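K.L.:
Take this structure first; my questions come after.
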Amino acid sequence: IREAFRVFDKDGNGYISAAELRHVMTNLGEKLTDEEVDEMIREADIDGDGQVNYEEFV
Amino acid sequence: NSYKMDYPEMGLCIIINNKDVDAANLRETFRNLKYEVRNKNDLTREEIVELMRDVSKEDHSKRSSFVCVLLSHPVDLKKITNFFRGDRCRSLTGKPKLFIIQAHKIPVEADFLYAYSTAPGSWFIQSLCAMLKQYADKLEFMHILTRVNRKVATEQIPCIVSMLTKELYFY
Amino acid sequence: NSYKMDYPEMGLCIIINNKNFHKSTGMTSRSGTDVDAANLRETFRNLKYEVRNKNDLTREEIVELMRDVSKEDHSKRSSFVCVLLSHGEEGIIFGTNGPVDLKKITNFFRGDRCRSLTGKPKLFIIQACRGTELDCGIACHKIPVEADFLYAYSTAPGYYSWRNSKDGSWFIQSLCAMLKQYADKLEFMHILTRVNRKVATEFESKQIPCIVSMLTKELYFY
Amino acid sequence: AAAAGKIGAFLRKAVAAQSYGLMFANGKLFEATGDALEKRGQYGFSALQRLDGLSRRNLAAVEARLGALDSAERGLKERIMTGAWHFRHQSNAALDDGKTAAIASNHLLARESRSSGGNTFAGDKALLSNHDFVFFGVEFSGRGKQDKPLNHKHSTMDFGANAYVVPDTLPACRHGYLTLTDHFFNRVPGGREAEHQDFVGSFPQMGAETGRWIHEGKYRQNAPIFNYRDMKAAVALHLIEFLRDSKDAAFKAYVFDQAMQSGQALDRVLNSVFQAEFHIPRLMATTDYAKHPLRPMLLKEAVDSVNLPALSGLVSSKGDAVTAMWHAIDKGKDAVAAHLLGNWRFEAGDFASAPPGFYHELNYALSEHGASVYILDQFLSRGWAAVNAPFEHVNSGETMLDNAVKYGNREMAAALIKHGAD
Ligand SMILES: NC(=O)c1cccnc1
């Protein structure tokens, strides 16, 4: 319900939160495929930047 | 190729008149073809429906085909004919159902044939009876009926609507 | 009697194929119709006819084309054939932009309005269809009349189909097969009865072609 | 760390929510039934709980209407609810990409990232709008990925010549929904139409009923859909309710004789009673899969699916190079045309007559409805076509500009009046 907020330990608060760093982090550890990561980041936030930990899917 | 007309009974014929000599001629020529005619004079504008309903629910297992002459001058033709689309008349499935009419919208069924004419006995009926008397053991029903068309045109013109899937010979 | 089909040239053939309707009407694409048009072209070209293929004509173009052919000189020709492949309703055919009545099409070919075509066969073949695209969850013919007109309707696209691209329509290809096989020893009415026997009976899991005939003689293509 | 294992799942669910939001907000069966949603552009997680509720109700509507599964039906249920499932794609395009598969939906493959291929039709985006899903066919054999799958056609049709088999344990399958038949074609193929006639013919009574029986006949088009959790029990329950209605010797002699060998004896029971479908939401990207060449691929399929390596393998002379060029003239494949022009040296007389199988002359083919402006421009610039030559066999007396104006193609009309007075 709110643990997804605390998941974002890379606290880029009130900004793009280093979307490139998120791209790097996603495809290591769990071995995500690049064509999946691109869709992930595209649907993360449209129009460039400013997800600011929205988590407004709930 | 052709239909089958070697059943124990050739079929049933219903000649409905609405008010004469043409009806008598039709009775004679169809009894000549080993039919079973049931001539009915002027009926009520609704009486025909239950007349067809009574003959719709029968046992035509030994009957080759069905003929319903409608020699008249109003009830919708949709409900008169719809009793016979196989599902209702399980006995009459895969066998010809002829509807000769003299007095356009058309219902589309599996093995139905129609033959209309115009009010101005009658030249259409006289030509039909003469052609059936002359050619009944040689020509198909289509050729006989187009000869009727030629005769009527030489002396309007009848129109033929056919859904039959096989040829028809009265022998 | 027969229709005396031994003139120098054997009639004239017109094929009208409508496949890409105007977006205003909101109609489907009618896939796999060029195969039907080519099949009909070859079938009637083998019968010594003069085929004219016309594809995607508007409502006002079909009438102009028909009026242009009714004013020709068919004195050396035996008959006249016209084929229509499009959408439609119980008694009307569709152009690319708007429906056009069928009665007005054949008035140019009346006995008195066309002196060159009298006592001669005039064949009209209609393949009309209408999809049940009611996206929420899913019976007559106004027929003209004259002495030497024959109509062959088929208002059915089939009871069902799979995702395979259609190879035409069972009606048209069956008609072409019977014309190729039997149309040198059988009359046209018998050929049409065999087409009725094939279609909607061997295609059982629904409509069936209706053959409206006013011909006063018998038609032998040879 | 571990937060990377949760953000990935969160983003996967968020992405999967949009292919369900599109289907539920758009489409019209879901407001003709009571399942529709409000259009939002960026749907939330409310597009997944709706699917969960729909699957729960669909499972209940059979589980609570059946009996009690006295002593034998539970074994059949357990052989199915504990089996191994693999999904088969069979496309004609190039997807292996060396060591990672990537299969995309229509709504993504045509999302301004233009490509070629597809087998969708009209209405699919109107009734359902499921054009944003990746479709698969289920296989209940249980044998591994490195095998030969024993099915080729889904309903009656071969979708391709390369089967891409994946196991049902992928993290991507967790948000895919099942349907016991084709979603748009609710019918089940006939017993005579069903594949492996050598099996059904052994039981001439079994195949007499599995030919027309649609599902959810309350609308003749509505179909029941089950999520990942409820997909395994639903197929077993529907199989049992079908069996307790069929009157055959299979019911006692074979369906309880397949227990020890759940290979062909189950993959031919379940793929004959039903024809299952799996729909993965947006993209199937993974490193564990299997590519099996079922049959060789034709020129038409390689051209239509712009399989450039396969096309170059198939084309070995010029007699088929011109055939491939005609195939690309149709269907408007610009990449195929460029590839063929970069390798072969064509002549103006090569396109002077339509090869067999093609119904139109050069100018009509170049100017028709779904024509390509790149190919037309190249032909006009290389002198392989005459801009002012009129048609002779179809619409005689008309020119290519007549097609350009007639079909309302401004780009093609402008290209046509650049190379000739017209
Ligand atoms: N994409 C496909 O080939 C496919 C497989 C099974 C069902 N529908 C589509």
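Each chain of the structure tokens is named A, B, ... in the order shown, its residues numbered from 1; ligands are numbered from 1 in display order.
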Just want the residues within 7 Å of ligand 1, written as a list in words, counting only C-alpha atoms and all ligand atoms.
P.N.:
residues 88, 89, 90, 91, 134, 135, 136, 137, 154, 159, 160, 182 and 277 of chain D
K.L.:
Would you export the selected residues with N, CA, C and O atoms as an mmCIF file, in the first residue's frame, please?
P.N.:
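Written out: again_19.cif:
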```cif
data_model
loop_
_atom_site.group_PDB
_atom_site.id
_atom_site.type_symbol
_atom_site.label_atom_id
_atom_site.label_comp_id
_atom_site.auth_asym_id
_atom_site.auth_seq_id
_atom_site.Cartn_x
_atom_site.Cartn_y
_atom_site.Cartn_z
ATOM 1 N N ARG D 88 2.876 -21.390 -27.283
ATOM 2 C CA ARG D 88 3.457 -21.449 -28.617
ATOM 3 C C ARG D 88 2.979 -20.246 -29.419
ATOM 4 O O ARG D 88 1.779 -19.952 -29.441
ATOM 5 N N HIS D 89 3.909 -19.556 -30.080
ATOM 6 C CA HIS D 89 3.551 -18.338 -30.798
ATOM 7 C C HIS D 89 3.375 -18.558 -32.297
ATOM 8 O O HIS D 89 2.316 -18.240 -32.844
ATOM 9 N N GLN D 90 4.396 -19.094 -32.967
ATOM 10 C CA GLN D 90 4.335 -19.347 -34.404
ATOM 11 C C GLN D 90 4.112 -18.092 -35.243
ATOM 12 O O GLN D 90 3.055 -17.938 -35.859
ATOM 13 N N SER D 91 5.084 -17.182 -35.266
ATOM 14 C CA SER D 91 5.021 -16.033 -36.162
ATOM 15 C C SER D 91 6.014 -16.228 -37.299
ATOM 16 O O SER D 91 6.940 -17.039 -37.208
ATOM 17 N N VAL D 134 -0.347 -9.800 -26.678
ATOM 18 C CA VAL D 134 0.455 -10.788 -27.390
ATOM 19 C C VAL D 134 -0.202 -12.147 -27.195
ATOM 20 O O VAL D 134 -0.395 -12.593 -26.057
ATOM 21 N N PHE D 135 -0.538 -12.810 -28.295
ATOM 22 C CA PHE D 135 -1.355 -14.014 -28.257
ATOM 23 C C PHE D 135 -0.482 -15.259 -28.332
ATOM 24 O O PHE D 135 0.533 -15.277 -29.033
ATOM 25 N N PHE D 136 -0.889 -16.302 -27.609
ATOM 26 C CA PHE D 136 -0.182 -17.574 -27.580
ATOM 27 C C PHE D 136 -1.181 -18.723 -27.652
ATOM 28 O O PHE D 136 -2.389 -18.541 -27.484
ATOM 29 N N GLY D 137 -0.660 -19.911 -27.907
ATOM 30 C CA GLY D 137 -1.459 -21.126 -27.853
ATOM 31 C C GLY D 137 -0.896 -22.084 -26.828
ATOM 32 O O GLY D 137 0.310 -22.311 -26.771
ATOM 33 N N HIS D 154 -3.823 -23.128 -34.668
ATOM 34 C CA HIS D 154 -4.566 -22.815 -33.458
ATOM 35 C C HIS D 154 -6.022 -23.235 -33.583
ATOM 36 O O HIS D 154 -6.459 -24.158 -32.890
ATOM 37 N N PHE D 159 -0.252 -19.782 -38.235
ATOM 38 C CA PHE D 159 0.127 -18.387 -38.070
ATOM 39 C C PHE D 159 1.568 -18.100 -38.464
ATOM 40 O O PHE D 159 1.952 -16.929 -38.526
ATOM 41 N N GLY D 160 2.373 -19.121 -38.721
ATOM 42 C CA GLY D 160 3.767 -18.892 -39.037
ATOM 43 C C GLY D 160 4.514 -20.198 -39.152
ATOM 44 O O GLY D 160 3.971 -21.281 -38.923
ATOM 45 N N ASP D 182 -11.014 -18.798 -29.285
ATOM 46 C CA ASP D 182 -10.638 -17.496 -29.814
ATOM 47 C C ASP D 182 -11.529 -16.418 -29.211
ATOM 48 O O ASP D 182 -12.748 -16.582 -29.113
ATOM 49 N N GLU D 277 -6.429 -20.042 -25.571
ATOM 50 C CA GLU D 277 -5.600 -18.899 -25.924
ATOM 51 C C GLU D 277 -5.034 -18.264 -24.666
ATOM 52 O O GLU D 277 -5.724 -18.161 -23.649
#
```
K.L.:
Fewer than 3 positions away in the same chain doesn't count, so skip those; otherwise give me all residues within 12 Å of segment 146-155 of chain B, counting only C-alpha atoms, as a ChimeraX atom specification.
P.N.:
/B:115-118,120,122-132,134-135,139-143,158-161 /C:1-3,119,146-148,150,189,212-219
K.L.:
Please report as a VMD selection string which residues of chain D come no farther than 6 Å from chain A, using only C-alpha atoms.
P.N.:
chain D and resid 3 11 44 to 45
K.L.:
Using backbone DSSP assignments, extract all strand (DSSP E) residues from segment 8-164 of chain B; output them as a ChimeraX atom specification.
P.N.:
/B:9-16,37-40,63-71,97-102,112-116,159-162
K.L.:
Produce a file of the selected residues containing N, CA, C and O atoms, as a short mmCIF file (atom, residue, chain, number, x, y, z; two decimals), in the first residue's frame.
P.N.:
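Produced file out-v1.cif, reproduced below:
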```
data_model
loop_
_atom_site.label_atom_id
_atom_site.label_comp_id
_atom_site.auth_asym_id
_atom_site.auth_seq_id
_atom_site.Cartn_x
_atom_site.Cartn_y
_atom_site.Cartn_z
N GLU B 9 -47.80 -41.99 -52.57
CA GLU B 9 -48.72 -40.92 -52.93
C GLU B 9 -47.96 -39.81 -53.65
O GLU B 9 -46.87 -39.42 -53.22
N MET B 10 -48.54 -39.32 -54.75
CA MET B 10 -47.89 -38.26 -55.50
C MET B 10 -47.82 -36.96 -54.70
O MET B 10 -46.82 -36.24 -54.79
N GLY B 11 -48.84 -36.65 -53.94
CA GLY B 11 -48.82 -35.49 -53.08
C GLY B 11 -50.22 -35.00 -52.79
O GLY B 11 -51.21 -35.67 -53.06
N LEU B 12 -50.28 -33.80 -52.22
CA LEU B 12 -51.52 -33.14 -51.87
C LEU B 12 -51.66 -31.85 -52.67
O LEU B 12 -50.69 -31.13 -52.89
N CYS B 13 -52.89 -31.57 -53.10
CA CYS B 13 -53.18 -30.36 -53.87
C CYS B 13 -54.35 -29.64 -53.23
O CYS B 13 -55.38 -30.26 -52.93
N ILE B 14 -54.20 -28.34 -53.02
CA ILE B 14 -55.25 -27.50 -52.43
C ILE B 14 -55.52 -26.37 -53.41
O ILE B 14 -54.62 -25.56 -53.69
N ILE B 15 -56.74 -26.30 -53.92
CA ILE B 15 -57.15 -25.27 -54.87
C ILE B 15 -58.14 -24.37 -54.15
O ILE B 15 -59.27 -24.77 -53.87
N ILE B 16 -57.72 -23.15 -53.85
CA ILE B 16 -58.52 -22.20 -53.09
C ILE B 16 -59.06 -21.15 -54.05
O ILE B 16 -58.28 -20.40 -54.65
N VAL B 37 -56.85 -33.54 -54.89
CA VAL B 37 -57.29 -32.15 -54.83
C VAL B 37 -58.36 -31.98 -53.77
O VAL B 37 -59.21 -32.85 -53.56
N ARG B 38 -58.30 -30.84 -53.07
CA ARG B 38 -59.30 -30.46 -52.07
C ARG B 38 -59.76 -29.05 -52.42
O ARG B 38 -59.23 -28.06 -51.90
N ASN B 39 -60.75 -28.95 -53.30
CA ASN B 39 -61.24 -27.65 -53.73
C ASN B 39 -62.01 -26.97 -52.61
O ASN B 39 -62.90 -27.56 -52.00
N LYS B 40 -61.65 -25.72 -52.33
CA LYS B 40 -62.33 -24.90 -51.32
C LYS B 40 -62.79 -23.61 -51.98
O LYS B 40 -62.00 -22.91 -52.61
N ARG B 63 -45.82 -38.92 -49.38
CA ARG B 63 -46.21 -37.94 -50.38
C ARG B 63 -44.97 -37.31 -51.00
O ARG B 63 -44.04 -36.90 -50.29
N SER B 64 -44.95 -37.23 -52.33
CA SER B 64 -43.76 -36.77 -53.04
C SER B 64 -43.57 -35.26 -52.92
O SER B 64 -42.44 -34.80 -52.73
N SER B 65 -44.64 -34.48 -53.03
CA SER B 65 -44.52 -33.03 -53.04
C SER B 65 -45.82 -32.41 -52.55
O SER B 65 -46.73 -33.12 -52.10
N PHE B 66 -45.90 -31.09 -52.63
CA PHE B 66 -47.07 -30.34 -52.19
C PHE B 66 -47.33 -29.21 -53.18
O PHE B 66 -46.41 -28.53 -53.62
N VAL B 67 -48.61 -29.02 -53.52
CA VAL B 67 -49.04 -27.98 -54.45
C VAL B 67 -50.18 -27.21 -53.81
O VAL B 67 -51.14 -27.82 -53.31
N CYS B 68 -50.09 -25.88 -53.82
CA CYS B 68 -51.10 -25.01 -53.21
C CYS B 68 -51.47 -23.90 -54.19
O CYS B 68 -50.83 -22.84 -54.21
N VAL B 69 -52.50 -24.14 -54.99
CA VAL B 69 -53.00 -23.13 -55.91
C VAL B 69 -53.82 -22.11 -55.13
O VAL B 69 -54.68 -22.48 -54.33
N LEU B 70 -53.55 -20.83 -55.38
CA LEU B 70 -54.19 -19.75 -54.63
C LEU B 70 -54.99 -18.84 -55.55
O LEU B 70 -54.83 -17.62 -55.51
N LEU B 71 -55.85 -19.43 -56.38
CA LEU B 71 -56.58 -18.67 -57.38
C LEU B 71 -57.61 -17.76 -56.72
O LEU B 71 -58.73 -18.18 -56.43
N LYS B 97 -42.35 -27.67 -52.95
CA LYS B 97 -43.55 -27.02 -52.44
C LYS B 97 -43.94 -25.92 -53.42
O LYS B 97 -43.41 -24.81 -53.35
N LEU B 98 -44.86 -26.23 -54.32
CA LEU B 98 -45.24 -25.31 -55.39
C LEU B 98 -46.39 -24.42 -54.94
O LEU B 98 -47.34 -24.89 -54.31
N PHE B 99 -46.30 -23.14 -55.28
CA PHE B 99 -47.32 -22.14 -54.94
C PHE B 99 -47.69 -21.39 -56.21
O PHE B 99 -47.01 -20.44 -56.61
N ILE B 100 -48.78 -21.81 -56.85
CA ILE B 100 -49.28 -21.15 -58.05
C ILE B 100 -50.30 -20.10 -57.64
O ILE B 100 -51.29 -20.41 -56.97
N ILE B 101 -50.06 -18.86 -58.04
CA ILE B 101 -50.84 -17.72 -57.57
C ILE B 101 -51.24 -16.86 -58.75
O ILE B 101 -50.42 -16.56 -59.63
N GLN B 102 -52.51 -16.46 -58.79
CA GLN B 102 -52.98 -15.46 -59.74
C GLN B 102 -53.80 -14.42 -59.00
O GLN B 102 -54.59 -14.77 -58.12
N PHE B 112 -38.86 -23.81 -52.24
CA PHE B 112 -40.11 -23.16 -52.60
C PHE B 112 -40.05 -22.65 -54.03
O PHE B 112 -39.01 -22.18 -54.50
N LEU B 113 -41.18 -22.75 -54.72
CA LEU B 113 -41.35 -22.21 -56.07
C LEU B 113 -42.63 -21.39 -56.12
O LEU B 113 -43.64 -21.76 -55.52
N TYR B 114 -42.57 -20.27 -56.83
CA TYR B 114 -43.70 -19.36 -56.96
C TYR B 114 -43.96 -19.05 -58.42
O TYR B 114 -43.06 -19.14 -59.27
N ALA B 115 -45.20 -18.66 -58.73
CA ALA B 115 -45.57 -18.31 -60.10
C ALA B 115 -46.77 -17.37 -60.02
O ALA B 115 -47.90 -17.82 -59.80
N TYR B 116 -46.52 -16.08 -60.21
CA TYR B 116 -47.56 -15.06 -60.15
C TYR B 116 -48.02 -14.65 -61.55
O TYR B 116 -47.40 -14.98 -62.56
N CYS B 159 -44.07 -13.87 -63.60
CA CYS B 159 -42.73 -13.88 -63.05
C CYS B 159 -42.57 -15.12 -62.18
O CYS B 159 -43.50 -15.52 -61.47
N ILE B 160 -41.40 -15.74 -62.25
CA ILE B 160 -41.12 -17.00 -61.57
C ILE B 160 -40.01 -16.78 -60.57
O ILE B 160 -38.94 -16.28 -60.93
N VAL B 161 -40.25 -17.17 -59.32
CA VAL B 161 -39.24 -17.14 -58.27
C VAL B 161 -38.99 -18.58 -57.85
O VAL B 161 -39.92 -19.29 -57.44
N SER B 162 -37.73 -19.02 -57.96
CA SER B 162 -37.39 -20.41 -57.73
C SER B 162 -36.27 -20.52 -56.71
O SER B 162 -35.26 -19.83 -56.81
#
```
K.L.:
What does the distance from atom CA of residue 42 of chain D to atom CA of residue 285 of chain D come to in Å, to one decimal?
P.N.:
22.5 Å
K.L.:
Which value, in Å to one decimal, gives the distance between atom CA of residue 60 of chain C and atom CA of residue 406 of chain D?
P.N.:
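Spanning atom CA of residue 60 of chain C to atom CA of residue 406 of chain D is a straight-line distance of 13.9 Å.
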K.L.:
Compute the chain D side of the contact with chain C at 10 Å, counting only C-alpha atoms, and hand it back as a ChimeraX atom specification.
P.N.:
/D:27-33,119-123,126-128,155-159,184-185,187,189-190,211-212,218-222,357-360,369,392-396,406-407
K.L.:
Please list as a list in words every residue within 12 Å of residue 409 of chain D, counting only C-alpha atoms and excluding residues in the same chain fewer than 5 positions away.
P.N.:
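My reading of the contact set: residues 367, 368, 369, 370, 371, 372, 373, 400, 401, 402, 403, 404, 414, 415 and 416 of chain D.
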K.L.:
Please list as an NGL selection string every residue within 12 Å of residue 67 of chain D, counting only C-alpha atoms and excluding residues in the same chain fewer than 6 positions away.
P.N.:
:D and (73-74 or 237 or 240-241 or 244)
K.L.:
Grab the residues selected above and save them as a JSON list (two decimals), in the first residue's frame with C-alpha atoms.
P.N.:
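Here's the written file selection_35.json:
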```
[["chain", "number", "residue", "atom", "x", "y", "z"],
["D", 73, "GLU", "CA", -13.47, -36.30, -11.43],
["D", 74, "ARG", "CA", -11.08, -35.03, -8.74],
["D", 237, "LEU", "CA", -14.04, -27.83, -14.74],
["D", 240, "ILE", "CA", -15.56, -32.26, -16.74],
["D", 241, "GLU", "CA", -18.92, -30.60, -17.43],
["D", 244, "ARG", "CA", -20.64, -35.47, -18.02]]
```
K.L.:
Please return, as a VMD selection string, all residues of segment 40-238 of chain D that DSSP assigns to alpha helix (DSSP H) on the basis of the backbone.
P.N.:
chain D and resid 46 to 63 73 to 81 106 to 109 197 to 200 231 to 238
K.L.:
Suppose we keep C-alpha atoms; can you now write the selection as a CSV table (one decimal), in the first residue's frame?
P.N.:
```csv
chain,number,residue,atom,x,y,z
D,46,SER,CA,-8.3,-0.4,-11.2
D,47,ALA,CA,-7.9,-2.1,-14.6
D,48,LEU,CA,-6.6,-5.3,-12.9
D,49,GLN,CA,-9.1,-5.8,-10.1
D,50,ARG,CA,-11.8,-5.7,-12.7
D,51,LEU,CA,-10.1,-8.6,-14.5
D,52,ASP,CA,-9.8,-10.4,-11.2
D,53,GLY,CA,-13.5,-10.0,-10.4
D,54,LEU,CA,-14.4,-11.0,-13.9
D,55,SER,CA,-12.3,-14.2,-13.7
D,56,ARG,CA,-13.7,-15.0,-10.2
D,57,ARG,CA,-17.3,-14.7,-11.5
D,58,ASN,CA,-16.6,-16.7,-14.6
D,59,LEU,CA,-15.1,-19.5,-12.5
D,60,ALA,CA,-18.0,-19.4,-10.0
D,61,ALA,CA,-20.6,-19.5,-12.8
D,62,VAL,CA,-19.5,-23.1,-13.6
D,63,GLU,CA,-18.0,-24.3,-10.3
D,73,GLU,CA,-13.5,-36.3,-11.4
D,74,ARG,CA,-11.1,-35.0,-8.7
D,75,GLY,CA,-8.3,-37.1,-10.3
D,76,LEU,CA,-8.9,-35.5,-13.7
D,77,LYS,CA,-9.0,-32.1,-12.0
D,78,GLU,CA,-5.7,-32.7,-10.3
D,79,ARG,CA,-4.0,-34.0,-13.4
D,80,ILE,CA,-4.8,-30.6,-15.0
D,81,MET,CA,-4.3,-28.2,-12.1
D,106,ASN,CA,-0.1,-4.3,-32.6
D,107,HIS,CA,-0.8,-1.2,-30.5
D,108,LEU,CA,3.0,-1.1,-29.7
D,109,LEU,CA,4.3,-2.3,-33.1
D,197,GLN,CA,-7.9,-36.5,-37.3
D,198,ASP,CA,-6.2,-39.8,-36.5
D,199,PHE,CA,-7.1,-39.3,-32.9
D,200,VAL,CA,-10.7,-38.0,-33.2
D,231,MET,CA,-7.0,-20.5,-15.6
D,232,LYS,CA,-5.9,-24.0,-14.6
D,233,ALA,CA,-9.1,-24.9,-12.7
D,234,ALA,CA,-11.4,-23.4,-15.3
D,235,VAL,CA,-10.3,-25.7,-18.2
D,236,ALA,CA,-10.6,-28.8,-16.0
D,237,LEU,CA,-14.0,-27.8,-14.7
D,238,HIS,CA,-15.3,-27.1,-18.2
```
K.L.:
One number please: atom CA of residue 207 of chain D to atom CA of residue 254 of chain D, in Å, one decimal.
P.N.:
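Distance reported for this atom pair: 14.2 Å.
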K.L.:
For segment 248-253 of chain D, find every residue with an atom within 8 Å (counting only C-alpha atoms), except residues of its own chain fewer than 2 positions away, and show them as JSON, numbers by chain.
P.N.:
{"D": [203, 205, 206, 243, 244, 246, 255, 256, 257]}
K.L.:
Selection from above, C-alpha atoms, as a compact mmCIF listing (two decimals), in the first residue's frame, can you write it?
P.N.:
```txt
# COMPACT_ATOMS: atom_id res chain seq x y z
CA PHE D 203 -13.75 -41.94 -31.30
CA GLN D 205 -18.82 -40.04 -31.18
CA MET D 206 -16.54 -37.60 -29.34
CA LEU D 243 -17.67 -34.96 -20.35
CA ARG D 244 -20.64 -35.47 -18.02
CA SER D 246 -21.17 -36.44 -23.86
CA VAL D 255 -9.90 -39.76 -20.24
CA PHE D 256 -9.12 -41.80 -17.13
CA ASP D 257 -6.62 -43.85 -19.15
```
K.L.:
So, counting only C-alpha atoms, which residue among C:111, C:144, C:95, C:157 is closest to chain B?
P.N.:
C:144
K.L.:
For residue 75 of chain B, please output as a ChimeraX atom specification all residues within 9 Å (counting only C-alpha atoms; exclusion window: fewer than 3 positions along the same chain).
P.N.:
/B:45-46,48-49,78-80
K.L.:
Keeping only N, CA, C and O atoms, take the residues you just selected and write them out as a CSV table (one decimal), in the first residue's frame.
P.N.:
```
chain,number,residue,atom,x,y,z
B,45,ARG,N,-61.2,-14.2,-44.8
B,45,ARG,CA,-59.9,-13.6,-45.0
B,45,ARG,C,-58.9,-14.1,-44.0
B,45,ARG,O,-57.7,-13.9,-44.2
B,46,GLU,N,-59.4,-14.7,-42.9
B,46,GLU,CA,-58.5,-15.4,-42.0
B,46,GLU,C,-58.6,-16.9,-42.0
B,46,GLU,O,-57.7,-17.6,-41.5
B,48,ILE,N,-58.0,-19.1,-44.2
B,48,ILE,CA,-57.0,-19.8,-44.9
B,48,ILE,C,-55.9,-20.2,-44.0
B,48,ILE,O,-55.2,-21.3,-44.2
B,49,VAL,N,-55.6,-19.4,-42.9
B,49,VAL,CA,-54.4,-19.6,-42.1
B,49,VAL,C,-54.5,-21.0,-41.4
B,49,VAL,O,-53.6,-21.8,-41.4
B,78,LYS,N,-46.6,-14.1,-46.0
B,78,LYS,CA,-45.5,-14.5,-45.1
B,78,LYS,C,-45.9,-15.6,-44.1
B,78,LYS,O,-45.2,-16.6,-43.9
B,79,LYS,N,-47.1,-15.5,-43.5
B,79,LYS,CA,-47.5,-16.5,-42.5
B,79,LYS,C,-48.2,-17.7,-43.2
B,79,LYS,O,-48.3,-18.7,-42.5
B,80,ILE,N,-48.6,-17.6,-44.4
B,80,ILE,CA,-49.2,-18.7,-45.1
B,80,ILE,C,-48.1,-19.8,-45.4
B,80,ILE,O,-48.3,-21.0,-45.2
```
K.L.:
Applying 6 Å and only C-alpha atoms, which residues near segment 58-62 of chain B remain after dropping the ones on its own chain fewer than 2 positions away? List them as JSON, numbers by chain.
P.N.:
{"B": [7, 8, 9, 55, 56, 91]}
K.L.:
Can you write out the residues you just picked, keeping N, CA and C atoms, as a PDB file, in the first residue's frame?
P.N.:
```pdb
ATOM      1  N   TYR B   7     -42.958 -41.930 -54.693  1.00  0.00           N
ATOM      2  CA  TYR B   7     -43.541 -42.241 -53.404  1.00  0.00           C
ATOM      3  C   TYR B   7     -44.907 -42.891 -53.608  1.00  0.00           C
ATOM      4  N   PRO B   8     -45.436 -43.582 -52.585  1.00  0.00           N
ATOM      5  CA  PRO B   8     -46.769 -44.188 -52.717  1.00  0.00           C
ATOM      6  C   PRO B   8     -47.840 -43.192 -53.134  1.00  0.00           C
ATOM      7  N   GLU B   9     -47.800 -41.992 -52.566  1.00  0.00           N
ATOM      8  CA  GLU B   9     -48.716 -40.921 -52.931  1.00  0.00           C
ATOM      9  C   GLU B   9     -47.958 -39.814 -53.650  1.00  0.00           C
ATOM     10  N   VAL B  55     -53.134 -28.688 -42.571  1.00  0.00           N
ATOM     11  CA  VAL B  55     -52.387 -29.501 -43.529  1.00  0.00           C
ATOM     12  C   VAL B  55     -50.887 -29.434 -43.309  1.00  0.00           C
ATOM     13  N   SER B  56     -50.398 -28.426 -42.584  1.00  0.00           N
ATOM     14  CA  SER B  56     -48.983 -28.390 -42.231  1.00  0.00           C
ATOM     15  C   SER B  56     -48.633 -29.526 -41.280  1.00  0.00           C
ATOM     16  N   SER B  91     -42.015 -33.367 -41.858  1.00  0.00           N
ATOM     17  CA  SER B  91     -42.325 -34.314 -42.922  1.00  0.00           C
ATOM     18  C   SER B  91     -41.915 -33.767 -44.283  1.00  0.00           C
TER      19      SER B  91
END
```
